[PDB]
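What follows is each chain in one-letter form.
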Amino acid sequence: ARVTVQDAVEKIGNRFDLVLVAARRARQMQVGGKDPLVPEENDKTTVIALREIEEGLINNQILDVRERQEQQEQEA
Amino acid sequence: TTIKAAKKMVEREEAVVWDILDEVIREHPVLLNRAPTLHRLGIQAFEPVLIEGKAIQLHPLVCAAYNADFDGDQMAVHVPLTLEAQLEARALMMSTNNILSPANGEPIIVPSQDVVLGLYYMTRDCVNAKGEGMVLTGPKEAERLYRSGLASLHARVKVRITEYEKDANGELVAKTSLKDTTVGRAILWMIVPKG
Amino acid sequence: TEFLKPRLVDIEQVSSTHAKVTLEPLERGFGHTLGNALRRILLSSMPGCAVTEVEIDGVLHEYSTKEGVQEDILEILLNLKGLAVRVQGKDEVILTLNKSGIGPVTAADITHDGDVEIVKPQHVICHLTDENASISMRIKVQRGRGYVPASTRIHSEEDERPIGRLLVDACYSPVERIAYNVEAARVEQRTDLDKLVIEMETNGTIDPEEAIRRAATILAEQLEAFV
Amino acid sequence: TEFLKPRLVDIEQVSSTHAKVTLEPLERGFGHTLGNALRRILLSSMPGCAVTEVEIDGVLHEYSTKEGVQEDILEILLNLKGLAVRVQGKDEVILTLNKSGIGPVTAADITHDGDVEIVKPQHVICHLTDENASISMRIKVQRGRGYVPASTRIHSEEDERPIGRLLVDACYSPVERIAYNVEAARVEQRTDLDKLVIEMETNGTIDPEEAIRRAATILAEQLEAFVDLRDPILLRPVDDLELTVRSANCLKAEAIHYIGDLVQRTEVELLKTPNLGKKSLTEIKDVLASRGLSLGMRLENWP
Amino acid sequence: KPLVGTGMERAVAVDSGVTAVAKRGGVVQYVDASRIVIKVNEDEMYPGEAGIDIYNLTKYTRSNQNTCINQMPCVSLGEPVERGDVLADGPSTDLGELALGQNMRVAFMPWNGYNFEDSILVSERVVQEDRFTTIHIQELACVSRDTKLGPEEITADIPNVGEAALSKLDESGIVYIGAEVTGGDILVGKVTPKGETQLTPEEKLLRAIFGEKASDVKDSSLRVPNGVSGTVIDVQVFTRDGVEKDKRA
Amino acid sequence: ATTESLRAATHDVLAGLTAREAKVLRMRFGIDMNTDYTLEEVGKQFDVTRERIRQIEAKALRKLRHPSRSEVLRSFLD
Ligand SMILES: [Mg+2]
């Protein structure tokens with residue numbers, strides 16, 4: 001997702017909610033301590049979050065249930 | 001170790017700070033901005049590389065979208081700090097996100113004057129045409145006989161070109177035939193994708 | 001006297017013969033020099049074997065159509081011009097095409113010799129349209145250097161030829177389109193150094209990174225008596 | 001028709017500056033490739049001798065004046081870089097030039113050694129216009145390649161050099177303009193072979209017979225990569241463990257100078273040591289385990 | 001030398017005034033790098049003068065655009081110079097002709113898109129031969145104003161800096177004449193006596209632990225702006241009446 | 001940067017001090033406290049004799065002045 005995000009915007013649907021959930025995933029990647037689902041190959045967390053977006057593994061409700069599972073694990 | 005030790009490493013220009021700047025500069029877009037801007041495409045983001053000199057090497061295709069010819073225009077370069085603004089720079093206002101203009105459907109990030117002059121010299125045809133009679137196998141042989149010097153860039157010959165069109169729902173079909181064209185159009189077709 | 005040599009290569013092979021070879025780092029300005037000194041010796045001074053003449057015996061021009069074929073004679077001559085063949089013993093090796101019935105004439109319905117080794121037999125040549133429409137031609141494979149076109153030999157060959165002897169565009173080197181772009185790659189203290197990304201697509205009978213070594217030892221033989 | 005190798009068959013010399021060297025024989029493709037390759041690698045990456053550092057007495061900076069010199073000393077540095085010297089033996093030499101009396105300061109009166117050679121003694125450097133105020137300076141010639149400015153050498157050299165050492169732009173490339181022409185060679189068995197004459201317009205500080213042999217050498221080294229390829233913890237004192245002084249002050253009595261002499265200690269000797277019997281030995285083992293070591297760890301030739 | 005001219009070049013230098021103008025014409029007697037002495041002939045000789053017109057040529061002074069002004073002598077020794085001619089070319093002149101820049105080989109052709117929208121693509125020889133290099137004389141007045149908390153002294157002992165940064169300084173903190181300074185170093189050590197600002201308790205603990213005792217001296221010396229290399233050509237020192245002078249002044 | 005990173009460094013290093021010396025040193029200078037106290041005011045809470053707090057402060061100084069584990073605190077002198 002370094003040169004092209006058109007596959008991401010056609011699998012998500014729009015730009016703004018895509019970049020909002022991508023920034024939410026990157027904020028959960030930077031200080032949240034989560035492991036990336038995409039290999040790094042000497043890249044920062046932003047294009048890693050975009051590659052997780054364009055792989056179909058990160059969405060709005062997917063990140064919602066992903067943070068809900070962590071909240072239920074922490075509050076147990 | 002600390003902040004001021006890294007500051008003294010910056011002020012004395014250590015060898016390793018160039019490598020760490022190359023590490024932090026990749027996957028980190030930055031916003032280039034002409035002052036004053038003419039339209040929305042007078043400011044957009046860019047993924048910078050590290051070179052020497054004291055100036056910004058701008059990509060030539062988007063200078064028409066800037067309408068900023070190389071007259072010593074003082075461009076401001078703004079850094080998005082957080083990951084929200086970094087992904088907003090990378091996924092929405094990067095130059096790879098918009099090939100059209102917000103004013104009209106025609107691209108204002110079209111090939112500009114020098115590269116369109118080179119492309120017009122590439123697609124031009126002659127009557128003398130010293131590479132006459134040789135039938136070219138495709139784009140490969142076209143660029144081969146242009147770069148070897150035995151044939152010119154202007155030769156009205158027949159070239160077997162593989163072309164594709166998505167007549168179905170995204171399904172491209174393969175076909176190859178002979179077309180009355182020139183060598184440089186086939187060398188451009190080497191750079192032209194399938195669709 | 002330092003003469004800094006590259007360290008990393010990282011050959012990227014897209015297809016079976018699309019080995020894009022990179023080179024990092026070089027000196028200031030050796031990128032374009034080593035990219036143009038290796039490209040044009042693959043274009044003009046690289047030995048190999050391909051088809052030079054044809055003996056279709058019944059077609060005497062490039063535009064005169066025939067019977068039993070699908071496309072024109074120029075298209076099958078172009079398909080004959082692109083052929084992954086390489087001989088070992090002789091140089092002017094003559095082959096024969098044999099195809100009868102009804103079907104697409106691929107690169108497997110030809111008479112090969114002991115020194116003839118076909119690498120890409122999936123190269124389509126012609127298509128038999130009519131039922132029991134047989135065709136036959138002689139494939140004259142001659143060893144050449146780089147490329148020679150038909151216009152440089154159609155003026156010299158003034159002697160009388162029989163009906164069927166045409167001039168094939170001989171791709172005398174076994175390499176396809178060679179190109180390179182010089183990217184500016186840096187070391188920890190300098191940025192005037194440059195990477196040499198050699199994007200080379202190639203036909204059969206030769207590996208592209210082996211063709212790099214062949215061109216390198218050819219140019220080293222061109223400068224062997226200078227040290 | 002398989003392969004063919006060229007050879008330096010003639011070295012023509014019009015003057016000390018001009019040199020029309022030729023290469024013979026070459027093929028159709030080899031005539032233009034070997035001319036384009038050998039022109040580029042000899043133009044920039046040619047090891048020559050240029051002026052780097054000049055310290056003139058009486059002045060302090062490179063924008064200063066002097067008595068009876070008729071020109072600024074910044075102009076003198078612009079003609080020293082256009083002055084060719086043939087330093088053969090050594091890689092660096094401190095050339096000194098002294099001149100008195102009214103007249104132009106040429107390069108023929110340079111107090112030089114035997115290993116160097118000024119090939120252009122009639123080159124104008126300065127113009128001394130006073131007999132009492134003479135001119136004298138040192139010239140630090142360096143053997144380098146390409147071209148390096150004054151700002152690049154000071155970024156890679158952070159030493160303590162005295163003032164007055166004026167940095168000069170080291171134009172290490174001695175050549176000025178190089179040409180090559182592709183004509184037809186004179187071979188009786190194959191007329192289609194091509195000759196190649198290389199017009200080498202340069203200064204006298206480089207041998208044109210050696211300039212071909214040096215430029216073809218560097219291209220062979222670049223093709224060499226083408227055709228072939230593709231304990232600080234034990235060396236520590238005692239006190240940096242932040243050990244409690246209940247046992248650390250007592251182990252200094254027998255023998256304690258390094259941390260390697262503490263891991264070789266045994267428990268029966270620490271039992272006889274006062275205030276090191278039972279409890280503080282576990283604290284010593286714990287602070288050794290905090291650094292990864294342990295009691296009774298044998299060192300292999302530490303001092 | 002300006003190759004392509006207009007004919008106006010032979011008068012703009014003489015009419016500008018920055019060059020050495022010939023008020024009285026004669027024969028060149030002695031030419032230095034900083035002055036030109038021309039011997040006036042008998043026809044332009046006055047009985048109330050000495051027959052010698054010395055032209056004190058202005059050396060490297062500062063202009064109003066941070067560039068150099070240098071009246072370089074261009075005439076040779078022992079040649080007649082008549083009335084109204086040139087003796088020393090100014091900062092952008094050559095032998096009485098307006099030398100605005102340099103002349104070199106220019107090719108109106110595209111090369112790899114570098115001259116895309118009227119941009120310049122240079123060779124190495126514009127800086128290898130030092131053709132387009134330029135002297136730029138700036139000004140940086142380290143001013144020692146007098147506040148209420150003591151006047152600003154100019155000394156050499158500066159805290160929170162290394163000895164290599166103070167290696168090119170004297171006991172007064174000023175660089176010697178000809179010091180090749182780099183962007184970021186201190187050119188004049190001009191510290192100020194600061195007031196006792198209230199410290200954070202972490203820095204108070206740091207002062208209690210180690211021997212770092214930052215007194216009223218404050219690192220407020222005006223350093224070199226970063227990216228600007230070069231040497232020094234002059235250090236003008238001025239002072240108020242009633243103030244003593246150090247060894248550098 | 002340093003006005004918070006030095007605070008985090010003291011909060012990391014002085015947390016390793018597993019006794020009341022960190023508790024009487026954080027109010028000796030005012031770290032994570034409002035009012036700066038002398039030896040007398042920290043004495044009335046714990047140790048009313050001033051020289052006991054002075055001796056435990058000197059012991060913490062002798063622990064911290066060695067360049068073995070407070071080197072990250074040593075690098076903050078600039
Ligand atoms: Mg403008």
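*Asks:* Would you mind showing me how to read the overall build of chain F here?
*Replies:* Along the backbone of chain F there are 5 helices and 0 strands. Reading chain F from its N terminus to its C terminus gives the helix and strand order α-α-α-α-α. Once the C-alpha set of chain F is aligned to its principal axes, its extents read approximately 35 × 25 × 20 Å. When the 78 residues of chain F are sorted by exposure, 36% land in the buried category. The long-range fraction of contacts in chain F, counting pairs at least 24 apart against all pairs at least 6 apart in sequence, stands at 40%. Split by element, the accessible area of chain F, about 5000 Å² in all, is 46% carbon and sulfur. Chain F carries 15 positive and 12 negative side-chain charges, and their two centres are separated by 6 Å.

*Asks:* When you look at the packing of helix α2 (residues 16-30) of chain A against helix α4 (residues 60-74) of chain A in this model, what are you seeing that I'm missing?
*Replies:* The relative placement of two packed helices comes down to the angle between their axes together with the axis-to-axis distance. Residues and elements named next belong to chain A. The interhelical angle for the contact between α2 and α4, taken along N-to-C directions, is 30 degrees, at an axis separation of 10 Å. Taken as axis vectors, α2 and α4 run roughly parallel relative to one another. As for the relative orientation of α2 and α4, their crossing is left-handed in sense. Touching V21, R24, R25 and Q28 of α2 are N60, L63, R66 and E67, all from α4. When the residues that make up the contact of α2 with α4 are grouped by side-chain class, the tally is 2 nonpolar, 2 polar and 4 charged.

*Asks:* What is the right way to look at the pairing of strand β2 (residues 35-40) of chain E in this model?
*Replies:* Within a regular strand, the side chains alternate between the two sheet faces. Residues and elements named next belong to chain E. Two elements, strand β1 (residues 26-31) and β2, share 5 bridges in a ladder whose sense is antiparallel. By the bridge assignment for β2, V28 is matched with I38. Joining the antiparallel neighbours β1 and β2 is a turn of 3 residues. Relative to strand β3 (residues 52-56), β2 is paired through 5 bridges, and the arrangement is antiparallel. Across the sheet, the residue bridging to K39 is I52, located in β3.

*Asks:* Got a minute to help me understand a nonpolar patch on the surface in this structure?
*Replies:* There is a patch of nonpolar side chains on the surface, built from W18, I20, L21 and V24 of chain B and spanning about 340 Å² of accessible area. Tracing the sequence through the fold places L21 of chain B in helix α2 (residues 15-25).

*Asks:* Would you mind showing me how to read a negative patch on the surface here?
*Replies:* On the surface, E13 of chain B, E157, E158, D159 and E160 of chain D together with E163 of chain E cluster together to form a negatively charged patch. Within the secondary structure, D159 of chain D is located in the loop between α3 (150-155) and β9 (166-167). By relative accessible area, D159 of chain D is classed as partly exposed at 43%.

*Asks:* Honestly, the domain arrangement of chain E in this entry has me stumped. Any pointers?
*Replies:* Many structure descriptions define interface size as the accessible area lost when the parts assemble. Residue and element names in this part refer to chain E. Domain parsing of chain E yields domain 1 (18-92) and domain 2 (133-243). For domain 1 versus domain 2, the distance between C-alpha centres works out to 41 Å. The interface is formed by 6 residues belonging to domain 1 together with 7 residues belonging to domain 2. For the domain 1 and domain 2 pair, buried surface summed over both sides reaches about 590 Å², with 65% attributable to carbon and sulfur atoms. The largest per-residue losses of area from domain 1 upon contact with domain 2 belong to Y60, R62 and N66, which jointly make up 67% of the total buried on that side. One can count 0 salt bridges joining domain 1 with domain 2. Where domain 1 meets domain 2, there are 3 residue pairs in polar contact. A per-class count over the side of domain 1 that touches domain 2 returns 2 nonpolar, 3 polar and 1 charged.

*Asks:* Just checking my understanding: could you explain the packing of helix α2 (residues 20-29) of chain F against helix α4 (residues 50-64) of chain F for this structure?
*Replies:* All names here are of chain F. Following both chains from N to C, one finds α2 and α4 inclined at 100 degrees, their axes separated by 10 Å at the closest point. Judged by the angle between their axes, α2 and α4 are roughly perpendicular. Of the residues in α4, those in contact with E21, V24, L25, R28 and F29 of α2 are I53, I56, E57 and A60. Residue composition of the contact of α2 with α4, grouped by class: 6 nonpolar, no polar and 3 charged.

Thresholds, definitions, all that
Each chain is numbered from 1 in the order of its written sequence, a scheme that can depart from the entry numbering, and any residue without coordinates is omitted. Written order decides the labels, with chains lettered from A and ligands numbered from 1. A larger assembly contains the chains shown, yet all values here describe just the shown part. Working from all heavy atoms in the structure, the side-chain values ignore hydrogens and water. Residues with missing side-chain atoms are left out of burial classes, side-chain pairs and their counts. Secondary structure elements are defined from DSSP: runs of H or I of at least 4 residues count as helices, runs of E of at least 2 residues count as strands, and each element is numbered from the N terminus. Relative accessibility decides the category of a residue: with a 1.4 Å probe and only protein chains considered, values under 20% of the type maximum give buried, values over 50% give exposed, and everything between is partly exposed. Contacts are residue-level and defined by heavy atoms, with any inter-residue pair within 4.5 Å sufficient. Computed by Shrake-Rupley with a 1.4 Å probe, the accessible areas treat only the displayed protein chains as cover when residues are assessed. The sign given to each residue is positive for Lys and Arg and negative for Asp and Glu; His and the chain ends receive no count. Charged groups are reduced to one reference atom each: NZ for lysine, CZ for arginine, CG for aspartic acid, CD for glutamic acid. Lines fitted to C-alpha atoms define the axes, with helix axes restricted to the stretch in contact, and inter-axis angles between N-to-C directions lie between 0 and 180 degrees. Every angle not falling under 35 degrees, over 145, or within 65 to 115 is termed oblique; those three ranges are roughly parallel, roughly antiparallel and roughly perpendicular. Helix crossings get a hand from a simple test, with the near helix turned counterclockwise from the far one by less than a right angle marking a left-handed crossing and a clockwise turn marking a right-handed one. Three classes are used: nonpolar for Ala, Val, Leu, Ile, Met, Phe, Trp, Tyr, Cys and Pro, charged for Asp, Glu, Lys and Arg, and polar for all others, with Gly counted as polar. Strand pairing is assigned whenever DSSP detects at least two bridges linking the two strands. For patch detection, residues must exceed 30% relative accessible area and be free of salt bridges, and they are connected within 9 Å for like charges or within 5 Å for nonpolar side chains (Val, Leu, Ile, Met, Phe, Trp, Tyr). Each salt bridge in this description consists of a side-chain nitrogen of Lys or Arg and a carboxyl oxygen of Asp or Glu lying within 4 Å of one another. By convention here, the domain bounds are inherited from an automatic or database domain assignment. Simply put, the buried area is the total loss of 1.4 Å probe accessible area from both parts when two parts are fitted together. Under the rule applied, a polar contact is a pair of N or O atoms within 3.5 Å (in protein, one hydrogen donor and one hydrogen acceptor; residues adjacent in sequence only if both atoms are side-chain atoms).

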